[PDB]
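Engineer: There's a structure below that I have some questions on.
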Amino acid sequence: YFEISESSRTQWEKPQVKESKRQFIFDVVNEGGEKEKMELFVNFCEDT
Amino acid sequence: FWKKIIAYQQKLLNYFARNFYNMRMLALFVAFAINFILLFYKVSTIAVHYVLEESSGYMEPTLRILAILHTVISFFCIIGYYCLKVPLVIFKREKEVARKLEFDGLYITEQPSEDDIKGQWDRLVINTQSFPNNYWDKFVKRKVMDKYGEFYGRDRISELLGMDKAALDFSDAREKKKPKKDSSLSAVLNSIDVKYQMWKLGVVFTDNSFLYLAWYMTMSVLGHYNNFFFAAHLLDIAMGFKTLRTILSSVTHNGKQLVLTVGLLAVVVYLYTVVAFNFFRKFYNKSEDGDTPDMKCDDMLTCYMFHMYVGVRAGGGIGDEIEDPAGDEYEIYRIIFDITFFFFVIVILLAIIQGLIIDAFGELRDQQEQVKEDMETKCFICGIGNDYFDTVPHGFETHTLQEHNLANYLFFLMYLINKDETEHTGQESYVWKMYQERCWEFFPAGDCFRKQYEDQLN
Amino acid sequence: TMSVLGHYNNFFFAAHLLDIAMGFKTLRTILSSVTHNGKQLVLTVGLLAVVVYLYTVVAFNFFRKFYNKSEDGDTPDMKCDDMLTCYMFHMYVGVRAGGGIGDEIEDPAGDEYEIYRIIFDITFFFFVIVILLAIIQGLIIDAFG
Amino acid sequence: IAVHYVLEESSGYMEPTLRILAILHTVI
Ligand SMILES: Nc1ncnc2c1ncn2[C@@H]1O[C@H](COP(=O)(O)OP(=O)(O)OP(=O)(O)O)[C@@H](O)[C@H]1O
Ligand SMILES: O=c1[nH]c(=O)c2nc[nH]c2[nH]1
Ligand SMILES: [Ca+2]
Ligand SMILES: [Zn+2]
């Protein structure tokens with residue numbers, strides 16, 4: 001359990017972040033291998 | 001002198017074998033260039049002449065040089081692959097026939113079923129002074145004699161194998177063999193085995209790729225008689241590229257079904273031709289003017305040819321290219337005729353014929369995709385799924401590259417053959433005995449080291 | 001750049017109607033389907049080119065007199081007197097024709113080469129139109145799917 | 001006009017062969 005900021009929630013809800021999340025989800029689910037799925041997810045976290 | 005010439009000749013053969021592929025692609029360039037030059041002919045004036053419409057003017061000598069170079073390169077491309085893959089085919093066939101002779105007795109007890117071309121042809125090599133020439137087992141005759149001589153007649157077995165039964169014990173007593181130099185005459189006559197070379201040539205002409213190379217060389221030679229014969233070499237890109245090989249294989253993949261459905265289309269069009277020839281003859285006047293009629297259905301042969309050549313290719317069937325039935329006593333009958341022709345021949349049967357080849361192409365591509373998907377989902381040797389290894393990072397890659405590598409298995413088999421029999425370890429001797437007795441239970445089948453020690457390891 | 005060129009010529013603004021392709025997902029899918037099987041599509045187009053070239057060679061060597069595309073007998077517009085124009089005619093016309101080259105070339109009735117030319121036309125219609133064009137179309141359709 | 005369907009045969013044996021074949025087909 002930890003704390004999430006309302007500013008963080010707003011930035012996550014901003015449309016550009018949503019587009020990035022959609023693109024990342026498609027990339028990992030379709031062609032992203034399950035071997036490095038966590039690596040790709042952490043990279044996506046840092047970019048976001 | 002002889003040693004020098006033989007060394008140079010063997011060097012040339014080795015060079016051609018090494019550069020077989022490069023020379024094939026060079027032939028591909030030469031075919032492309034020759035055809036690009038050929039694309040500039042024109043007919044000039046009766047005596048008609050095919051002459052280049054060239055502005056620079058250097059194409060004609062360039063074309064002649066390129067044609068000569070293509071013929072030379074094709075000859076080199078056959079000499080290569082004759083020095084490269086013919087030995088492999090000969091070795092494989094020799095191994096097959098030796099194993100059939102030993103384990104199966106296919107020329108002592110069984111005999112070929114009289115319909116196998118290769119089974120019948122391979123009889124000639126059995127009674128040859130050099131039966132194993134690429135195959136490692138030089139005592140296949142001796143072991144066949146030991147296994148079958150006592151029961152089926154030692155004399156008959158020796159006569160069938162073309163060998164001497166009384167020579168083995170004498171050889172074990174003393175060798176009694178003398179080497180010799182090569183400058184002597186008729187030594188090549190004594191050494192050559194015309195029957196073995198005969199059988200080898202028969203196998204080579206049976207080989208498919210050698211036949212393709214021979215056809216390539218023949219078309220290259222015909223290109224000198226007529227330069228347009230070099231156009232047939234543009235089809236080599238089909239073999240060069242995989243998807244084109246798939247496209248060509250799709251044509252003959254459903255070969256029997258395609259032939260039979262073409263025959264069905266032929267039969268139904270013949271029935272329509274019969275109906276038209278018996279009832280709708282006056283509608284088949286393909287003459288633009290009333291001066292003379294060009295009747296296309298006055299006889300059955302021409303009516304059938306017209307139907308096939310025109311109605312099948314027509315978008316709307318025969319009714320597109322025959323007269324209009326308005327204001328006729330047979331108007332409704334001919335309307336039904338045309339509609340049924342368009343439905344059965346064009347809508348259904350032509351679609352089925354096309355779909356057979358399209359689905360064959362799709363099936364071949366899907367089979368290739370499934371093959372590629374496999375060996376990425378399960379191991380080739382054990383068959384265990386990839387995820388079980390993938391529980392640990394890089395697990396499947398480590399298992400397939402350091403634990404169950406088929407290349408490693410091949411290298412192990414080579415190491416067993418190269419290693420002396422006395423110095424085999426316990427595992428090496430175990431594998432060697434099982435391999436010699438053709439017992440493939442040493443291969444891990446559904447189990448691995450990690451699965452066996454799944455709790456000791458972690 | 002196209003917007004700037006639109007000031008030089010107002011019709012250059014037509015290229016911006018293609019932006020709906022990027023705007024909408026299914027149009028992006030349609031455009032991506034064209035290049036999805038890019039190598040296979042290029043190679044099968046090349047195969048169609050080679051086979052049509054072979055048919056052009058055969059026609060130029062044997063069936064030249066049948067390629068008169070002139071409506072009147074005053075002057076002949078021969079389309080296969082040279083290989084380049086014959087090949088261009090074959091690609092531009094026979095591929096687009098429903099029944100192949102035989103739809104747009106002369107009629108072979110009452111000729112010594114009648115059966116040979118009938119086989120020529122039927123094989124052209126089968127290999128080029130029925131098979132190869134269908135394969136080219138199906139590559140893109142299946143890429144979209 | 002009276003139209004007749006007649007074999008365009010060069011050898012000339014097809015017509016009796018055709019009749020024999022038709023009878024054989026019915027029997028078979
Ligand atoms: N027992 C196995 N031994 C080796 N490779 C295996 C085995 N089981 C499955 N494989 C798979 O076979 C593939 C071998 O790689 P690949 O065939 O591409 O090698 P290559 O011939 O060096 O490559 P390339 O075709 O690019 O020249 C890998 O994807 C590997 O996971
Ligand atoms: O370790 C880190 N990872 C990050 O993504 C990051 N962003 C700011 N600072 C950071 N430190
Ligand atoms: Ca020992
Ligand atoms: Zn394995």
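Just so we're on the same page: first chain in the structure tokens is A, next is B, and so on; residues restart at 1 for each chain, and ligands are numbered from 1 in the order they show up.
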List every residue of chain D that DSSP, applied to the backbone, labels as helix (DSSP H, G or I), and write the result as number ranges by chain.
Structural biologist: D: 14-27
Engineer: Deliver the residues from the most recent selection as a file, using N, CA and C atoms, as a JSON list (two decimals), in the first residue's frame.
Structural biologist:
[["chain", "number", "residue", "atom", "x", "y", "z"],
["D", 14, "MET", "N", -16.92, -44.69, -88.23],
["D", 14, "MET", "CA", -17.47, -44.22, -86.96],
["D", 14, "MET", "C", -18.96, -44.54, -86.83],
["D", 15, "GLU", "N", -19.72, -44.39, -87.91],
["D", 15, "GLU", "CA", -21.17, -44.60, -87.83],
["D", 15, "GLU", "C", -21.55, -46.02, -87.41],
["D", 16, "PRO", "N", -21.07, -47.08, -88.07],
["D", 16, "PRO", "CA", -21.37, -48.43, -87.55],
["D", 16, "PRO", "C", -20.77, -48.66, -86.17],
["D", 17, "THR", "N", -19.59, -48.10, -85.92],
["D", 17, "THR", "CA", -19.00, -48.17, -84.59],
["D", 17, "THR", "C", -19.89, -47.47, -83.57],
["D", 18, "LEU", "N", -20.45, -46.32, -83.95],
["D", 18, "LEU", "CA", -21.35, -45.60, -83.05],
["D", 18, "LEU", "C", -22.60, -46.42, -82.74],
["D", 19, "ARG", "N", -23.19, -47.05, -83.76],
["D", 19, "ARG", "CA", -24.38, -47.86, -83.53],
["D", 19, "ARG", "C", -24.07, -49.05, -82.63],
["D", 20, "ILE", "N", -22.95, -49.73, -82.89],
["D", 20, "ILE", "CA", -22.55, -50.86, -82.05],
["D", 20, "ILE", "C", -22.32, -50.40, -80.62],
["D", 21, "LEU", "N", -21.66, -49.25, -80.45],
["D", 21, "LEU", "CA", -21.38, -48.74, -79.12],
["D", 21, "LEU", "C", -22.67, -48.37, -78.38],
["D", 22, "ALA", "N", -23.65, -47.81, -79.09],
["D", 22, "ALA", "CA", -24.92, -47.48, -78.45],
["D", 22, "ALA", "C", -25.64, -48.74, -77.97],
["D", 23, "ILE", "N", -25.69, -49.77, -78.82],
["D", 23, "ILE", "CA", -26.31, -51.02, -78.42],
["D", 23, "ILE", "C", -25.58, -51.62, -77.22],
["D", 24, "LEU", "N", -24.24, -51.59, -77.26],
["D", 24, "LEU", "CA", -23.45, -52.12, -76.16],
["D", 24, "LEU", "C", -23.69, -51.33, -74.88],
["D", 25, "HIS", "N", -23.87, -50.01, -74.99],
["D", 25, "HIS", "CA", -24.14, -49.20, -73.80],
["D", 25, "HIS", "C", -25.47, -49.57, -73.18],
["D", 26, "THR", "N", -26.50, -49.75, -74.01],
["D", 26, "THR", "CA", -27.80, -50.15, -73.47],
["D", 26, "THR", "C", -27.71, -51.50, -72.78],
["D", 27, "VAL", "N", -27.03, -52.46, -73.41],
["D", 27, "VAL", "CA", -26.89, -53.79, -72.81],
["D", 27, "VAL", "C", -26.12, -53.70, -71.50]]
Engineer: Quick one: residues within 7 Å of residue 106 (chain C), only C-alpha atoms, excluding same-chain residues fewer than 2 positions away - as a ChimeraX atom specification?
Structural biologist: /C:66-67,104,108
Engineer: How would you report the residues lying within 10 Å of ligand 4, as a PyMOL selection string, if you count only C-alpha atoms and all ligand atoms?
Structural biologist: chain B and resi 375+378-386+389+396+399-406+443-449
Engineer: Produce a file of the selected residues containing N, CA and C atoms, as a tab-separated table (two decimals), in the first residue's frame.
Structural biologist:
chain	number	residue	atom	x	y	z
B	375	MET	N	9.37	-25.15	-32.58
B	375	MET	CA	10.76	-24.96	-32.20
B	375	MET	C	10.95	-23.60	-31.54
B	378	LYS	N	8.08	-25.44	-28.52
B	378	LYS	CA	8.51	-26.68	-27.90
B	378	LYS	C	9.89	-27.04	-28.42
B	379	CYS	N	10.63	-27.80	-27.61
B	379	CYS	CA	11.97	-28.21	-28.00
B	379	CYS	C	11.92	-29.31	-29.06
B	380	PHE	N	12.91	-29.30	-29.95
B	380	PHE	CA	12.95	-30.28	-31.02
B	380	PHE	C	13.21	-31.68	-30.49
B	381	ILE	N	14.05	-31.80	-29.46
B	381	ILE	CA	14.46	-33.11	-28.98
B	381	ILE	C	13.46	-33.66	-27.97
B	382	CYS	N	13.30	-32.97	-26.84
B	382	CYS	CA	12.43	-33.47	-25.78
B	382	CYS	C	10.95	-33.25	-26.08
B	383	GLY	N	10.61	-32.14	-26.73
B	383	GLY	CA	9.22	-31.82	-27.00
B	383	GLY	C	8.50	-31.08	-25.89
B	384	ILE	N	9.19	-30.73	-24.80
B	384	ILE	CA	8.56	-30.00	-23.72
B	384	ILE	C	8.27	-28.57	-24.17
B	385	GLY	N	7.16	-28.01	-23.69
B	385	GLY	CA	6.77	-26.68	-24.10
B	385	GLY	C	7.75	-25.62	-23.66
B	386	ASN	N	7.70	-24.48	-24.36
B	386	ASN	CA	8.67	-23.41	-24.10
B	386	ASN	C	8.42	-22.72	-22.77
B	389	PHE	N	10.32	-24.00	-19.55
B	389	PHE	CA	11.66	-23.44	-19.42
B	389	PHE	C	11.61	-21.93	-19.19
B	396	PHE	N	14.03	-21.04	-22.25
B	396	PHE	CA	13.90	-21.80	-23.49
B	396	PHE	C	15.15	-21.66	-24.35
B	399	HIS	N	17.86	-23.78	-22.78
B	399	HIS	CA	17.59	-25.19	-22.99
B	399	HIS	C	17.90	-25.62	-24.42
B	400	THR	N	17.55	-24.78	-25.40
B	400	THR	CA	17.74	-25.15	-26.79
B	400	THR	C	19.16	-24.88	-27.30
B	401	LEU	N	19.96	-24.09	-26.58
B	401	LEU	CA	21.31	-23.79	-27.04
B	401	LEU	C	22.42	-24.40	-26.19
B	402	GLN	N	22.11	-24.93	-25.00
B	402	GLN	CA	23.12	-25.51	-24.14
B	402	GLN	C	22.75	-26.86	-23.56
B	403	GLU	N	21.49	-27.28	-23.64
B	403	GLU	CA	21.06	-28.55	-23.07
B	403	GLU	C	20.58	-29.55	-24.12
B	404	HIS	N	19.74	-29.12	-25.05
B	404	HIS	CA	19.11	-30.01	-26.03
B	404	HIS	C	19.34	-29.50	-27.44
B	405	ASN	N	20.59	-29.15	-27.75
B	405	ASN	CA	20.93	-28.62	-29.06
B	405	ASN	C	21.12	-29.77	-30.05
B	406	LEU	N	20.36	-29.75	-31.14
B	406	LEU	CA	20.50	-30.79	-32.16
B	406	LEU	C	21.87	-30.73	-32.82
B	443	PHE	N	17.58	-40.71	-26.56
B	443	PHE	CA	17.13	-39.34	-26.72
B	443	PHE	C	16.12	-39.02	-25.62
B	444	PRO	N	16.26	-37.90	-24.92
B	444	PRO	CA	15.24	-37.51	-23.95
B	444	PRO	C	13.91	-37.24	-24.64
B	445	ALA	N	12.89	-37.99	-24.25
B	445	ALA	CA	11.56	-37.92	-24.86
B	445	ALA	C	10.58	-37.49	-23.78
B	446	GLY	N	10.27	-36.19	-23.75
B	446	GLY	CA	9.35	-35.65	-22.77
B	446	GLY	C	9.94	-35.37	-21.41
B	447	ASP	N	11.22	-35.65	-21.21
B	447	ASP	CA	11.89	-35.42	-19.94
B	447	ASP	C	13.23	-34.73	-20.19
B	448	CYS	N	13.70	-34.00	-19.18
B	448	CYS	CA	14.97	-33.31	-19.26
B	448	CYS	C	15.65	-33.35	-17.90
B	449	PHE	N	16.89	-32.88	-17.86
B	449	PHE	CA	17.65	-32.84	-16.61
B	449	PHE	C	16.96	-31.95	-15.58
Engineer: Can you check which residues of chain C have any atom within 7 Å of chain B? Use only C-alpha atoms and format it as a VMD selection string.
Structural biologist: chain C and resid 40 44 50 54 81 to 84 98 to 99 118 122 130 to 131 135
Engineer: Keeping only N, CA, C and O atoms, take the residues you just selected and write them out as a PDB file, in the first residue's frame.
Structural biologist:
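Result written to part02.pdb:
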ATOM      1  N   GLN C  40       6.252 -10.152 -50.267  1.00  0.00           N
ATOM      2  CA  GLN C  40       5.476 -11.123 -51.030  1.00  0.00           C
ATOM      3  C   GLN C  40       4.722 -10.452 -52.171  1.00  0.00           C
ATOM      4  O   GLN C  40       4.669 -10.983 -53.286  1.00  0.00           O
ATOM      5  N   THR C  44       5.381 -11.280 -56.077  1.00  0.00           N
ATOM      6  CA  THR C  44       4.336 -11.827 -56.937  1.00  0.00           C
ATOM      7  C   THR C  44       4.007 -10.882 -58.089  1.00  0.00           C
ATOM      8  O   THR C  44       3.656 -11.342 -59.182  1.00  0.00           O
ATOM      9  N   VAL C  50       7.055 -11.323 -65.154  1.00  0.00           N
ATOM     10  CA  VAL C  50       7.829 -12.307 -65.904  1.00  0.00           C
ATOM     11  C   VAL C  50       6.921 -13.149 -66.797  1.00  0.00           C
ATOM     12  O   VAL C  50       7.246 -13.411 -67.962  1.00  0.00           O
ATOM     13  N   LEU C  54       6.848 -13.425 -70.856  1.00  0.00           N
ATOM     14  CA  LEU C  54       6.922 -14.655 -71.638  1.00  0.00           C
ATOM     15  C   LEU C  54       5.812 -14.713 -72.681  1.00  0.00           C
ATOM     16  O   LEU C  54       6.049 -15.087 -73.840  1.00  0.00           O
ATOM     17  N   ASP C  81       4.690  -4.973 -83.147  1.00  0.00           N
ATOM     18  CA  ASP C  81       5.776  -4.972 -84.119  1.00  0.00           C
ATOM     19  C   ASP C  81       7.139  -4.905 -83.445  1.00  0.00           C
ATOM     20  O   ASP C  81       8.140  -5.315 -84.045  1.00  0.00           O
ATOM     21  N   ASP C  82       7.202  -4.399 -82.217  1.00  0.00           N
ATOM     22  CA  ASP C  82       8.421  -4.414 -81.425  1.00  0.00           C
ATOM     23  C   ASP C  82       8.115  -4.843 -79.996  1.00  0.00           C
ATOM     24  O   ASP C  82       6.994  -4.679 -79.496  1.00  0.00           O
ATOM     25  N   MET C  83       9.140  -5.404 -79.349  1.00  0.00           N
ATOM     26  CA  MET C  83       8.944  -6.071 -78.067  1.00  0.00           C
ATOM     27  C   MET C  83       8.493  -5.099 -76.987  1.00  0.00           C
ATOM     28  O   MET C  83       7.653  -5.445 -76.149  1.00  0.00           O
ATOM     29  N   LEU C  84       9.046  -3.886 -76.979  1.00  0.00           N
ATOM     30  CA  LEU C  84       8.707  -2.929 -75.930  1.00  0.00           C
ATOM     31  C   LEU C  84       7.229  -2.556 -75.978  1.00  0.00           C
ATOM     32  O   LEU C  84       6.531  -2.595 -74.955  1.00  0.00           O
ATOM     33  N   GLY C  98     -11.133  -8.443 -68.668  1.00  0.00           N
ATOM     34  CA  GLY C  98     -11.794  -9.514 -67.940  1.00  0.00           C
ATOM     35  C   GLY C  98     -11.403 -10.895 -68.433  1.00  0.00           C
ATOM     36  O   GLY C  98     -11.180 -11.807 -67.633  1.00  0.00           O
ATOM     37  N   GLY C  99     -11.318 -11.069 -69.749  1.00  0.00           N
ATOM     38  CA  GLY C  99     -10.982 -12.341 -70.348  1.00  0.00           C
ATOM     39  C   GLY C  99      -9.558 -12.478 -70.842  1.00  0.00           C
ATOM     40  O   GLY C  99      -9.265 -13.427 -71.578  1.00  0.00           O
ATOM     41  N   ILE C 118      -5.683 -20.184 -79.431  1.00  0.00           N
ATOM     42  CA  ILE C 118      -6.716 -20.461 -78.437  1.00  0.00           C
ATOM     43  C   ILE C 118      -6.079 -20.919 -77.132  1.00  0.00           C
ATOM     44  O   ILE C 118      -6.456 -20.462 -76.045  1.00  0.00           O
ATOM     45  N   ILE C 122      -6.312 -18.901 -73.582  1.00  0.00           N
ATOM     46  CA  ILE C 122      -6.868 -19.579 -72.414  1.00  0.00           C
ATOM     47  C   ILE C 122      -5.844 -19.631 -71.287  1.00  0.00           C
ATOM     48  O   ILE C 122      -6.166 -19.361 -70.123  1.00  0.00           O
ATOM     49  N   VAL C 130      -6.913 -15.307 -63.642  1.00  0.00           N
ATOM     50  CA  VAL C 130      -7.598 -16.142 -62.661  1.00  0.00           C
ATOM     51  C   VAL C 130      -6.720 -16.380 -61.439  1.00  0.00           C
ATOM     52  O   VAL C 130      -7.204 -16.364 -60.300  1.00  0.00           O
ATOM     53  N   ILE C 131      -5.422 -16.595 -61.642  1.00  0.00           N
ATOM     54  CA  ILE C 131      -4.554 -17.042 -60.555  1.00  0.00           C
ATOM     55  C   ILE C 131      -3.737 -15.892 -59.979  1.00  0.00           C
ATOM     56  O   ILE C 131      -3.887 -15.541 -58.804  1.00  0.00           O
ATOM     57  N   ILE C 135      -4.133 -13.853 -56.558  1.00  0.00           N
ATOM     58  CA  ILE C 135      -3.153 -13.957 -55.478  1.00  0.00           C
ATOM     59  C   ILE C 135      -2.715 -12.573 -55.015  1.00  0.00           C
ATOM     60  O   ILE C 135      -2.594 -12.315 -53.811  1.00  0.00           O
TER      61      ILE C 135
END
Engineer: Could you give me, as a list in words, every polymer residue with an atom at most 9 Å away from an atom of ligand 2, counting only C-alpha atoms and all ligand atoms?
Structural biologist: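 If we count only C-alpha atoms and all ligand atoms, the neighbours of ligand 2 turn out to be residues 42, 43, 45, 46 and 47 of chain A.
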Engineer: Just how far from CA of residue 69 (chain C) is CA of residue 105 (chain C), in Å to one decimal?
Structural biologist: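 About the pair CA of residue 105 (chain C) and CA of residue 69 (chain C): they are 7.4 Å apart.
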